[PDB]
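Quick setup: one chain, the form deposited in one PDB entry, written in structure tokens, and binding and motion questions come after.
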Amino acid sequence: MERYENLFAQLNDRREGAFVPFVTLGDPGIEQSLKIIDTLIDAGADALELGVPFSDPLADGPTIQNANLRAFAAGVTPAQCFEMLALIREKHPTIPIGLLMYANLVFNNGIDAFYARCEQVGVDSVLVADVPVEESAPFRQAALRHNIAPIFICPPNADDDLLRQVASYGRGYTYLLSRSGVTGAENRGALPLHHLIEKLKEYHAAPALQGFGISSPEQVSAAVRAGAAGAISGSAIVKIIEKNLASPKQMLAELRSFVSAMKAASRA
């Protein structure tokens, strides 16, 4: 979790929001995924959200459903993803690395052992998409025992009790959901979040990152203006992968251009 604490302190000194891309590990193959991730970092990503391919990604729309399918077509396994994660950390000392998991992959060989492996490879946070706060205890406890931030979701209609729970239990960052539904760039959130942002700060929550439907520079700047510490973009990034499967060089060029633009939007 300390990598997030350091990042947000540095960004606060630079008067800057964080820009955080999501990709699926191993999409469209292990080697290309490693190059994709290095490109995202070189182009300005402040942190990463990384998905382990799962057969049943029920919080994801079609863009990311298809990313999971591509990684499976390449034979990507969770073991290979942990090898990837170790290599990513070996290349990049300070960038916060967060995983997007589904519960079965965490529980499968023991929840404690999962978080112990995360700590071994140098992961900083874990968001388990199908574990709500009510079911979170063994996940958040294992996370904290292994110096991993458990990432909690704050829905746009969170009542005071939920805000207080997410504020108390979470570390690293608070995931500020743009809207109901599932991941995807085709649906932009239309609800003002600044009240939630203010209450999370009042309750000393981990800094908020807005996510879901973030696909444009103006949304990154809007998140910062509303008081969030930054923004996460997944589908828009994965779209670029999907569009450019036939040309790995054009794929990296377009990823660089997009991430550069999105990061530029966070400074100002």
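Think of the rigid core as the biggest set of C-alphas that the two forms share within 1.5 Å after superposition. Note that residue numbering follows the sequence shown and begins at 1.
Out of the other entries of this protein with residues modelled on both sides, is residue 159 skipped in at least a third? Counting only entries that model residues on both sides, residue 159 is resolved in every one of them.
Is it the case that, in at least a third of the other entries compared (those modelling both flanking residues), residue 181 has no coordinates? Per the records, residue 181 goes unmodelled in at least a third of the other entries.
Comparing 221-229 with 197-205, which has the greater mean CA B-factor as deposited? Mean CA B-factor is higher for 197-205.
Averaging C-alpha B-factors over each stretch, which comes out higher, 237-245 or 48-56? Of 48-56 and 237-245, the stretch with the higher C-alpha B-factor average is 237-245.
Residue, from 119, 161, 90, 130, that the PDB entry assigns the highest Cα B-factor: By C-alpha B-factor in the record, 161 ranks first.
So if I compare the CA B-factors in the entry for 78, 75, 96, 172, which one is the largest? By C-alpha B-factor in the record, 75 ranks first.
Modelled-residue ranking by C-alpha temperature factor, third containing residue 113: Its C-alpha B-factor, which the entry lists for residue 113, ranks in the middle third among residues of this chain.
Looking at the temperature factor on the CA atom of residue 134, which third of the chain's modelled residues does it land in? As the PDB entry reports it, the C-alpha B-factor of residue 134 lands in the middle third of its chain.
Ranked against its chain, the third holding the CA B-factor of residue 23: Its C-alpha B-factor belongs to the lowest third of this chain's values.
Using only modelled residues of the chain, where does the Cα B factor of residue 190 rank: lowest third, middle third or highest third? According to the entry, residue 190 has a C-alpha B-factor in the chain's highest third.
Among the modelled residues of this chain, does the Cα B factor of residue 141 put it in the lowest, middle or highest third? Answer is lowest: the recorded C-alpha B-factor places it there.
Heads up, the form deposited in another entry isn't pictured, but that's what we're talking about next.
Tell me, which of 77, 108, 120, 141 is the one whose C-alpha shifts by at least 2 Å between the shown form and the other one, with the rigid core superposed? Only 108 moves by 2 Å or more at its C-alpha.
How about residue 46 - superposed on the rigid core, does its CA move between the shown form and the other one by 2 Å or more? Not so; residue 46 is displaced by less than 2 Å.
C-alpha of residue 34 off by 2 Å or more between the shown form and the other one on rigid core: The answer is no, as the C-alpha of residue 34 shifts between the shown form and the other one by less than 2 Å after core alignment.
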